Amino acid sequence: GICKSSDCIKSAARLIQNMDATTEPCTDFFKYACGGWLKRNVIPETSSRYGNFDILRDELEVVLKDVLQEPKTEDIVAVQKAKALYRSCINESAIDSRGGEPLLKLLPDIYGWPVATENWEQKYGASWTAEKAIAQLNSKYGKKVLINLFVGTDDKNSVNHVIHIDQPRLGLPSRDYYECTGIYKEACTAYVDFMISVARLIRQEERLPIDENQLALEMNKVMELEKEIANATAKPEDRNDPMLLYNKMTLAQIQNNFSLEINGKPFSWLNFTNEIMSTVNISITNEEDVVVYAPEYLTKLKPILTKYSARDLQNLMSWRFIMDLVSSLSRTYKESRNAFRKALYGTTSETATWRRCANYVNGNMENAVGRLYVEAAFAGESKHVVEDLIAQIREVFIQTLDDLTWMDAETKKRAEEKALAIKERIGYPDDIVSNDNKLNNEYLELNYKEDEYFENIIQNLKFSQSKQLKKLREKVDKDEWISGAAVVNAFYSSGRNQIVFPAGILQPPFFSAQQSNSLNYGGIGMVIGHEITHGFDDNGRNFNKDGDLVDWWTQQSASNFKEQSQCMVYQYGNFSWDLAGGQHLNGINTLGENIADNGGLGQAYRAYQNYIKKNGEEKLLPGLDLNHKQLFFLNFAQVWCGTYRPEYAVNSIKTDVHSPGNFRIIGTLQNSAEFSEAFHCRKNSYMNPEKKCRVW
């Protein structure tokens, strides 16, 4: 009664080669599940992290390279553009011959970069204004510095867009890096050195004198500036309640409550907003509704900015944009980023050009690239099987509502309502393959020159920003997908209340219409449950069936949610990560993801049990002395096999809201009675603690 098919032997060999049977499953399931893989692999010099997900990404890029590198006579314009963009990106000779020339041409359009400019105050300082300079970078290039103003979906009215004001991203991975000592010292040093290196290259190219001390003096001041801005930003832990972050105010209330004086101005929120919106010829009055996500940051900002000159501010502002462009310039410019990237990612080399390029055009033309990808690698008949798995897991979610003792009937009803309303998106939107007109029109305004990569990326920046700003008065498009098809990942959108499973993730180990169901439910089944459960985590639970930020929880049920969640906050907060130097994970920042993991795996298991009851046991896999309940958990764990570079581990423990793969495995299985039952784990064995967390 052993399956001897090609498909069964492929998956069995993979499972067998990845696992380490010499490790007791109940002592450490990550080692048991991934030990074979760990011993065989070493993180590539160009990778920050390596494992199942990254391997799948590398493989998807091979497909992209295959479909983009060769022109085909019957290619529609949309496809011709993606290939021309790809070609401009991989032509390093053409790029290298241009030096930093394309950047130099750009500088005057962003008020320059003081350090690499002679007499900046006379040239730009004369007509300079915080409102114009910040707006220029924001509206033409998408670079949000000092004050992040953007057009997005109204948290409280899903169908509309509204202007949002929030704190900006930083040059370093997170606000923590700015302590600049111990584990962060090399990063801060490399960052300032990086600033200095680029300023030096620009000066040498522009034929300007180079005073090393002056370069150091100016760049250290931008670091001093950003340190203050970093310290002023609110921690992620204080931004995890959607209800509290949402503060709708009029531009008048903003001008009144959040005064700012820069370079002796004062700051005009109306002028700043219009300097931005004018790009799309949209006028704003002081009566305009704005959602402020960082009122405290704006408040703390006032005293900070008065201590700095227009020159200091612009040195940081242009730097933040320039650091993102340097890798699109000649080799000399590319090399200046070496120490910085090693400090942040641990990588000693850049990823292959063709891979960075495939990724770049996939990210900028997701529908065009998605179309080629699915035609080359996705079997349309998979969509149906997946549709069915989703129907099954959604059902299991609803059924489980009855067993949950911590919620009252009224709240369970609304939870059921929300669950039923979840809209699924599987594989790719049929339109990208069947509607050539629409696909072409999406890229109509884009015209790529094969020998001008830099001009091409700048055009994409302007186009994407214009497209975004133009949405202010428009309604949110219902049929719009939140992800391209050639992506190895899955998502959940609170505002649209939808789950998306791109074609890129509908492949082994996650799914295959031909692999054993235990594997399917353990992989993609768990993924579907993860996404659905996001609609009910510490963030998602705050949004209703239509994606509106509104409370549908009774005070008691809301209170019980936090109590049940707290168990996971402490559980994960207690895991110490060796790669990150023994630091503990952030149980609060990873809460949502941990809830999704734990809820999702149980939901998938429940669904698998339903499948077995209704269909009977499956033929076992050859070479594995494990039954299907055990294979279910083995596959789930192998989805997460992987490892991290120390430098990137220090980065991800701060920036990744997901727990590292090994802890996603250990944490989830520790809370699973089904797992311990499947592997006969003794009580209190490492993988089977008496105390188990559970929310969904």
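Just so we're on the same page, rigid core means the largest C-alpha set that superposes within 1.5 Å between forms. For every residue, the number given is its place in the sequence shown, counted from 1.
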Open item on the list: Can you check whether 239-247 or 123-131 lies farther from the displayed model in 5 other deposited structures of this protein, averaging C-alpha distances as RMS after superposing on the core?
Closed with: 123-131
Task: Comparing 590-598 and 338-346 where Cα RMS over structures and residues is taken in 5 other deposited structures of this protein (core fit), larger one - done: 338-346
Task: Between the two ranges 165-173 and 459-467, the one averaging a larger CA B factor in the entry - done: 459-467
Open item on the list: Quick check: 185-193 versus 103-111, which has the larger average CA B-factor in the record?
Closed with: 103-111
Open item on the list: Quiz for you: based on the deposited Cα B-factor, which of 224, 179, 617, 531 is highest?
Closed with: 617
- [ ] Determine which member of 564, 512, 271, 362 has the highest CA B-factor, using the values in the deposited entry.
- [x] 271
Task: Ranked C-alpha temperature factor of residue 629 among modelled chain residues, by third - done: highest
TODO: State the tercile, meaning the lowest, middle or highest third, of residue 367 with respect to the CA B-factors recorded for its chain.
DONE: lowest
TODO: Check where residue 444 lands among this chain's C-alpha B-factors and tell me if it's the lowest, middle or highest third.
DONE: middle
TODO: Give the position of residue 380 by CA B-factor within its chain, expressed as the lowest, middle or highest third.
DONE: highest
Open item on the list: Please say which third, lowest, middle or highest, residue 536 falls into when its CA temperature factor is compared across its chain.
Closed with: lowest
